[PDB]
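> As they're listed, the protein sequences go chains B, A and C. Each residue of the first sequence is one higher than the one before, starting from 1 at the first, in the entry's author numbering. Each residue of the second sequence is one higher than the one before, starting from 680 at the first, in the entry's author numbering. Each residue of the third sequence is one higher than the one before, starting from 904 at the first, in the entry's author numbering. Idealized CB from N, CA, C, for every residue including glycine.
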Amino acid sequence: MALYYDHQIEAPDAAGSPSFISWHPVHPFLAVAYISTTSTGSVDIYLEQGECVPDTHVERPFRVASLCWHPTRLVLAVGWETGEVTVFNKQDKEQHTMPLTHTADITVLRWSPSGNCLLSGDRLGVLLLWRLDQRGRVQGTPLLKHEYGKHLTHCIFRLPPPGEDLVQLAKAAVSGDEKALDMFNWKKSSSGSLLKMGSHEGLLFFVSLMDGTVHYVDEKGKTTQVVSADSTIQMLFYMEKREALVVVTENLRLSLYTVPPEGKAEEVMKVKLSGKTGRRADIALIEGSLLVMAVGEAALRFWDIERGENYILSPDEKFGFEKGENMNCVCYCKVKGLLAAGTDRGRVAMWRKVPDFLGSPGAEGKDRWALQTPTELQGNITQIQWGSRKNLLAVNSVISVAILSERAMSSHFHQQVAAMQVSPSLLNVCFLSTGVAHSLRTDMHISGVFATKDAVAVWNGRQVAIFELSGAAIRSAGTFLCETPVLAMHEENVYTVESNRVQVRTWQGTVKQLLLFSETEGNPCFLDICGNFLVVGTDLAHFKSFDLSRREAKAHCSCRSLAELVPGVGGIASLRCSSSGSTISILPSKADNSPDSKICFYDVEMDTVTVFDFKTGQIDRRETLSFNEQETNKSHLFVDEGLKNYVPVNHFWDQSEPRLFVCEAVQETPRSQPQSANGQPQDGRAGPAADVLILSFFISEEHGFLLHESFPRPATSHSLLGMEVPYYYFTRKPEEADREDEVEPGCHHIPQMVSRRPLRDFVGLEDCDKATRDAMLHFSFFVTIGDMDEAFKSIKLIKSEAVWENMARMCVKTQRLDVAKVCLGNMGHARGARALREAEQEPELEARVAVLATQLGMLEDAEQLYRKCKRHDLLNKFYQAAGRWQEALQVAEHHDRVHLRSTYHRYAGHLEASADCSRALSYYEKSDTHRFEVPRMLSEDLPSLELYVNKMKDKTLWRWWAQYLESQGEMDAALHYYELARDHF
Amino acid sequence: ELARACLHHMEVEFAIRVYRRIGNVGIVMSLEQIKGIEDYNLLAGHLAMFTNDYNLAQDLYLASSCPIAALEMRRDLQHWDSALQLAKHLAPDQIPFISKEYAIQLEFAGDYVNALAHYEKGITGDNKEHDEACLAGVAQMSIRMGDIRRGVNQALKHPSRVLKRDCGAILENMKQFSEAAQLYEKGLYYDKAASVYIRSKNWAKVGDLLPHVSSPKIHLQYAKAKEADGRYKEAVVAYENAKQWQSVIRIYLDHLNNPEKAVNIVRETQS
Amino acid sequence: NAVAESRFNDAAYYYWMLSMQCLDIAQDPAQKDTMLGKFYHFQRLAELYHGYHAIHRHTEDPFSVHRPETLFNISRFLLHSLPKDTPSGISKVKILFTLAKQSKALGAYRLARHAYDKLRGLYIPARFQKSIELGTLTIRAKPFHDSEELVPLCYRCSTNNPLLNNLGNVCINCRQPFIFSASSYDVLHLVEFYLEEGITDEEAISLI
């Protein structure tokens, strides 16, 4: 699972209890407001590691009342209990105080969506709109002043309306919605709200008052009352994609109003929502339409505004929550479909949505969600918010603020061993060559893990501990103080990081060797080991690699800068290397620290980068052995248009096959989420596609990049952990491991947290190892390279009939009949070899390959091939042989009419054999063979034959029945039937 | 069980029904081709072949109205010693063809000595295309046996461009890079030849092949190698052929002082 | 389709129609020899299926339209006419069973023994097997000779020919091909003859 790392912020010793938190809407920076014991207010800004940003401290002799970041610029607005408003600019290190014009507590503070204006409102009901320069300084005087005379509660800007969601606007107007018509009808807008087709000032907004009223404000600054609620407004949202205001009161009454450009609101519905009145319910509006409430209860309450349906999510004791543990605050990450809520016991619950990624399959109500493991924190949680595009979350308790950073449980795999971090201080270690699992508890909060066939290493950023496998038990081999951010292992050697160096150490922490970096190359911050090779990556995106076949690690690749190799790269998100050390694979990151659709591969021998971009499907190549910033060589060899919406997130190389590579790629969601006209799951509207794709590649100097596989990550799997043939490795959901193993209290039953999936060409052959592994690796490479003779040569030492069957099944897909004859011979399938020799009478290759598919039991492929040949005759014979008679008759009736009588005759024969004589009769009649087949079939039951002859009144049948009576000597009856038959002779 | 019992008791109509119930369409289609056979020994032979009893099937075929079915079954099974022994009695004209297919199987299996003997026995002197395929096998097996001279000379004298590719491939698997590159060169596979000459570090041979090299990657490796050799004129033409225009731009500026030639490059790039 | 549906009289007619198509196509000089080969081949199949239709009706139907001597003649004609490879839908078991039973009935008791011994070399179906066990005993019981009235005369050489022979539908003495009544398969008292060189078909008719 994702584990979310608790970066408790480095609050100053003078900072009191935290009061409010606010992320920048894009950047990975958090403002935090504090209240001191002396009631002085302060504000500080923090990095994602919880480190305080220098020079950002702000303090006043009175409390912070509100916080609001600018939409795009590094500018923070702060509102105060006196009515002061102050703007802080982090880029320029400037702070500006707005003109003292309020005389009471700033209850409302909001940037315009353009960021060119700021709105401020007080407890006396004075509202002001300000214009600000690019540094955050006030340009003259308020653009608007208004005095409502009552306490202001909430403001939301109406983001410049393009005309609703335009399909929903058009449908609303066609369905007779007069306010959708008022949005289209240009003459009636006497207020200056044209549907906002441009870089308008963006001064349309809604404001609420403590009496329960809502006022709209137009582009001219005129105010009009739009709503009159029966109590105080608890929350306000705008469904831009419906041009509709939602109002929730403290009595939990929901109201939805469609609002035209002129500010004459009309009600869609009003509903009393469930939940305990008398607490400040935190409310989120997931994607628009999905209302979610943390009322101070042991469940989140959900209300789908478009279905008019309700459901609840409660924390489950199976994940470690307590019974009756209440949720106080709620927030949703739109980018990765993650819902979070903060508890009174100091836990963050999270539900991952069964994704509304752009093609991920949907669900109804509660089934839209899957509960993840808690994040445990100190004191009652009072607020939470999702932040920067990395999917960061920030959390505010009565005691402290934590920043939660997502990681794939810091997890690792190597040498058929895996280690999975179950909790901040617990690991599950699997020796996948033996099937054995171990639980390894640590005296530290684990920040990372590394594994080997002999030992496992863990660290927290202050110390490192190393554990050795000692038969059926793991034991401590060493523990030492070391401030390492990352670690790797090879045999008895540990690789640790310090400022500008990698230190090779023993398991006891003793330094053996130093690998050095210059200040210009930056500090190491990534390590990977594959085969006998180490690769190292640095802050400001440099890399190096080293041979480890020697205790003296030796520089295999000299230093390279990723920014010079690949322009516009902001950093490294991950490094790995091939088991030969000849190729390095790199995930870049963008300047905003978001994951890049590009993946970079560096060739150590050629000294070149090839960059593959998921968004375009292109492969770039660039050169800089001599100093360069080059133009790309371009190849269009990738045909798969399905990858355009995916971004790589994890990557690995095979520990035995230096040509073999894999990457996991996520389908990222856009910054703000729309909704459909109907109550469908928001992007799960359509049929299925992968939440996350797994792509595997063969990489070569002669043929470039070849896609070996593409597949969906399994539905039981939460991330890619690794690869080593025959298997990709994945992290399993503890939600599902308990559903098949029946367990009783009193044993610490070890969950099977690592799943493995066979590679495509290894399905049903996973017993393959050592020399057979190397042969099958060479085969899989050579088949994908298309040099089938080298594949066939690599297999020569394998006697296994199952491998020859799999190769024959692959001959059907490659349409290679020549190799199929040899495969059929090697497996002893003499009928299939005969059938192929007889199939040479057909001129079409597809018809011959269909015969091979039929003899291997691949009936679907065979059917598709016969359809592709337009050979409805062979397809009819095929259906008959398959016993699918109805399909056979349909093909005969539409495309093969000349066989239709024969098909009815054969079907009648199979019905006769099945002892169904009545239906056999009907089909013998349709084949017109009833004259000779019916009397044969009923020759044992003479009374039924007599009834039949009398029913059909056919002349030929009366002649046959008269001949039968004539042989039996019943001449008077024979004469009667010959007279009926008009057989005068 | 019921299906195997129907085959052993020769009840083809019940075997068809039972394999149709099982869903084995392949066996249904084959039994529907045999259903009309009234020769006891021929029918029993085909049914024995379907139950994988090949020796009993052979004896029954030989006793049947059609003995040639035994040779065909043994050839289909690739049981070549038995197929050759049957061919000596029933069809002598098939012996060179069977010896070629056996030599292909022995070449696949690693018995290169017997494969070479059987390809030389497979030469007929009448069918040119078949004799060429045998001579291709002799060349390939002479290569794997370490008579690289005999096999390379044969592959050079032989009319096929495909044999030159395949001998080149076997020789690259043997790490015999020079003769691999020579046979690729003589087969007009100039890129494959040049890539194997780059493995041999023969920048002189690659430079002779470059007018025929289509791969930008081969020109790029050559441009790097010639820049390291100080041959900036050659490295320029190679970076130009490789479309690595900025290396050429830097060279014409910093090293050659010839910026008129630096600008001639830029317009197709818009860089 | 006619062969697969056991419509052997329709199959015989369609093989005759195919032969006539081949003879029309043989008017093109490029296909002449190939299509003449197909014409004779398909005519031979048409005569085989026209005979075998009576054997199939006699062995499937409970009562016979055809006479004992007609079925006997047809059974003998088919065994002499059939190649080493049997045509599709034709049964040697049905032909030899019909021969053995009609030979028993007509007093060809030595031929009936020989037909029951030939059946034991074939894969007999259960219906025919039951009748063949009783048939084998009941013939071996009878005298060891065949009725002289069944023995076909060659009209060219006045020689009596044995009821089955290794040369087929030719006289054992003069090798004259037998010409058969297409109703009954009796040998027809006809001899085929050839014009001397330099006589036209129209001149031959003018002289006849």
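Could you run through the region 785-798 of chain A and flag, in chain order, every residue whose CB is less than 7 Å away from some CB of chain B?
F787, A788, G789
> Relative to the alpha-carbon of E605 (chain B), which residue among B:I599, B:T624, B:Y978 has its alpha-carbon at the smallest distance?
Counting from one through the first sequence, the residue named residue 605 (chain B) turns up at place 605. Taking the Cα of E605 (chain B) as reference, the smallest distance to any Cα among B:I599, B:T624, B:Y978 is reached at B:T624.
> Is it buried or exposed for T375 (chain B), if we count other Cβ within 10 angstroms and need 16 for buried?
Counting from one through the first sequence, the residue named residue 375 (chain B) turns up at place 375. By the 10 Å Cβ count, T375 (chain B) comes out buried.
> Is the beta carbon of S545 (chain B) sitting closer than 8 Å to the one on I584 (chain B)?
In the first sequence, residue 545 (chain B) corresponds to position 545, counting from 1. In the first sequence, residue 584 (chain B) corresponds to position 584, counting from 1. A contact, by the Cβ cut-off of 8 Å.
> Under a three-way DSSP split, which group does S1034 (chain C) fall into?
What you label residue 1034 (chain C) is simply residue 131 of the third sequence in a count that begins at 1. DSSP places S1034 (chain C) in the helix class (H, G or I) of the three-state scheme.
> Can you check DSSP and say which residues form a bridge with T610 (chain B)?
As a working mapping, residue 610 (chain B) is identified with position 610 in the first sequence. Paired residues: B:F601, B:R621.
> In chain A, which residues lie less than 9 Å from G825 (chain B) when you measure between Cβ atoms?
Counted from its first residue, the first sequence places residue 825 (chain B) at position 825. Against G825 (chain B), the close residues of chain A are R754, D755, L756, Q757, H758, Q784, in the order they occur along the chain (beta-carbon pairs closer than 9 Å).
> Taking CB distances under 8 Å as the criterion, tell me whether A907 (chain C) reaches chain B.
Here residue 907 (chain C) is taken as the residue at index 4 of the third sequence, counted from 1. Output row for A907 (chain C): interface = yes.
> May I ask you to verify whether the region 1078-1098 of chain C touches the region 1009-1028 of chain C, counting CB pairs closer than 8 Å and requiring at least 3?
no
> Report the residue from A:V792, A:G801, A:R840 whose alpha carbon sits nearest the alpha carbon of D826 (chain A).
Within the second sequence, residue 826 (chain A) is the residue found at index 147, counting from 1. Nearest Cα to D826 (chain A) within the set A:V792, A:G801, A:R840: A:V792.
> Thinking C-beta only, is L575 (chain B) closer than 8 Å to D640 (chain B)?
For the purposes of this step, residue 640 (chain B) is identified with residue 640 of the first sequence, where counting begins at 1. For the purposes of this step, residue 575 (chain B) is identified with residue 575 of the first sequence, where counting begins at 1. Against a cut-off of 8 Å, the Cβ pair of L575 (chain B) and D640 (chain B) comes out as no contact.
> Using a C-beta cutoff of 8 Å, does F966 (chain C) count as contacting chain B?
As a first step, residue 966 (chain C) is located in the third sequence; it is residue number 63 there, counting from the start. For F966 (chain C), the answer is yes, since a Cβ of chain B falls inside 8 Å of its Cβ.
> Can you pull the chain B neighbours of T948 (chain A), defined as C-beta to C-beta under 8 Å?
Counting from one through the second sequence, the residue named residue 948 (chain A) turns up at place 269. Chain B residues near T948 (chain A): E631.
> So, is the C-beta of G705 (chain A) closer than 8 Å to a C-beta in chain B?
Locating residue 705 (chain A) in the second sequence gives position 26, counting from the first residue. Interface with chain B (8 Å Cβ-Cβ cutoff): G705 (chain A) is included.
> Report back the beta-carbon spacing between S22 (chain B) and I35 (chain B) to the nearest angstrom; my notes put them in contact at under 8 Å.
Taking the first residue of the first sequence as position 1, residue 22 (chain B) is located at position 22. Taking the first residue of the first sequence as position 1, residue 35 (chain B) is located at position 35. The pair is not a contact, with the Cβ atoms about 15 Å apart (cut-off 8 Å).
> Excluding the 5 residues preceding and the 5 following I747 (chain A) in the sequence, name in chain order all residues of the same chain whose CB lies nearer than 7 Å to its CB.
Against the second sequence, residue 747 (chain A) aligns to sequence position 68. Closer than 7 Å at Cβ, skipping near neighbours: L769, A770.
> What separation, rounded to the nearest whole angstrom, lies between the Cα atoms of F543 (chain B) and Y781 (chain A)?
Walking along the first sequence from the start, residue 543 (chain B) turns up at place 543. Walking along the second sequence from the start, residue 781 (chain A) turns up at place 102. So the alpha carbons of these two residues sit roughly 54 Å apart.
> Is the region 991-1000 of chain C touching the region 949-965 of chain C in the sense that three or more CB pairs, one from each, lie closer than 8 Å?
yes
> What are the residues of the region 1070-1083 of chain C that lie near chain A, defined by any Cβ-Cβ distance shorter than 7 Å?
none
> Helix, strand or coil for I399 (chain B) per DSSP?
Here residue 399 (chain B) corresponds to residue number 399 of the first sequence, with the count starting at 1. In the structure shown, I399 (chain B) sits in coil (DSSP, three-state: anything other than H, G, I, E or B).
> Rounded to whole angstroms, what is the Cα-Cα separation between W69 (chain B) and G79 (chain B)?
Here residue 69 (chain B) refers to the residue found at position 69 of the first sequence. Here residue 79 (chain B) refers to the residue found at position 79 of the first sequence. Going by the C-alpha atoms only, they are around 12 Å apart.
> Kindly identify the DSSP beta-bridge partner or partners of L487 (chain B).
Residue numbering aside, residue 487 (chain B) sits at position 487 when the first sequence is read from its first letter. Here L487 (chain B) is bridged, per DSSP, to B:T496.
> Tell me, please, which residues DSSP counts as bridged to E709 (chain B).
Counted from its first residue, the first sequence places residue 709 (chain B) at position 709. Paired residues: B:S696.
> Along chain A, in chain order, which residues have C-beta atoms closer than 9 Å to that of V996 (chain C)?
The residue labelled residue 996 (chain C) in the question sits at position 93 within the third sequence. The contacting residues are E717.
> Between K334 (chain B) and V649 (chain B), what straight-line distance do the alpha-carbon atoms span, to the nearest angstrom?
Within the first sequence, the letter at position 334 stands for residue 334 (chain B). Within the first sequence, the letter at position 649 stands for residue 649 (chain B). Distance between the alpha carbons of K334 (chain B) and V649 (chain B) is about 18 Å.
> What's the gap between the Cα of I286 (chain B) and the Cα of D92 (chain B)?
On the first sequence, position 286 is the one that residue 286 (chain B) refers to. On the first sequence, position 92 is the one that residue 92 (chain B) refers to. Distance between the alpha carbons of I286 (chain B) and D92 (chain B): 35 Å.
> Any Cβ of chain B within less than 8 Å of the Cβ of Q925 (chain A)?
Working through the second sequence from its first residue, we reach residue 925 (chain A) at position 246. Taking Cβ atoms only, chain B reaches closer than 8 Å to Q925 (chain A), which makes this a yes.
> Would you check if the distance between the CB atom of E51 (chain B) and the CB atom of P161 (chain B) is smaller than 8 Å?
Taking the first sequence and counting its residues from 1, one reaches residue 51 (chain B) at position 51. Taking the first sequence and counting its residues from 1, one reaches residue 161 (chain B) at position 161. No, the Cβ-Cβ distance between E51 (chain B) and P161 (chain B) is not below 8 Å.
> Check whether the region 215-224 of chain B and the region 194-207 of chain B are in contact - that is, three or more C-beta pairs closer than 8 Å.
yes
> Within the same chain, show all residues whose beta-carbon is closer than 6 Å to that of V831 (chain A), passing over the 5 residues directly before and after it, in chain order.
Taking the first residue of the second sequence as position 1, residue 831 (chain A) is located at position 152. Excluding residues within five positions, the ones whose Cβ falls inside 6 Å are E858.
> Between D896 (chain B) and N876 (chain B), how many whole angstroms is the CB-CB distance? I'm expecting something under 8 Å.
Looking up residue 896 (chain B) in the first sequence gives position 896. Looking up residue 876 (chain B) in the first sequence gives position 876. With 8 Å as the limit, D896 (chain B) and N876 (chain B) qualify as a contact, their Cβ atoms being about 5 Å apart.
> How long is the line joining the alpha carbons of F526 (chain B) and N396 (chain B), rounded to whole angstroms?
Taking the first sequence and counting its residues from 1, one reaches residue 526 (chain B) at position 526. Taking the first sequence and counting its residues from 1, one reaches residue 396 (chain B) at position 396. Roughly 31 Å separates the two Cα atoms.
> I need the straight-line Cα distance from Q784 (chain A) to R1078 (chain C), nearest angstrom please.
Along the second sequence, one-based indexing puts residue 784 (chain A) at 105. Along the third sequence, one-based indexing puts residue 1078 (chain C) at 175. If I take the Cα positions, the gap works out to 53 Å.
> Applying a beta-carbon distance threshold of less than 8 Å, which residues of chain F neighbour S744 (chain A)?
As a matter of chain content, chain F is missing from the structure shown, whose protein chains are B, A and C.
> Which partner residues does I381 (chain B) have in the DSSP bridge list?
The residue given as residue 381 (chain B) occupies position 381 in the first sequence. Beta-bridge pairing links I381 (chain B) to B:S397.
> Which of the residues in the region 1005-1027 of chain C, read from start to end, lie with their CB under 8 Å from any CB of chain A?
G1024, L1025, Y1026
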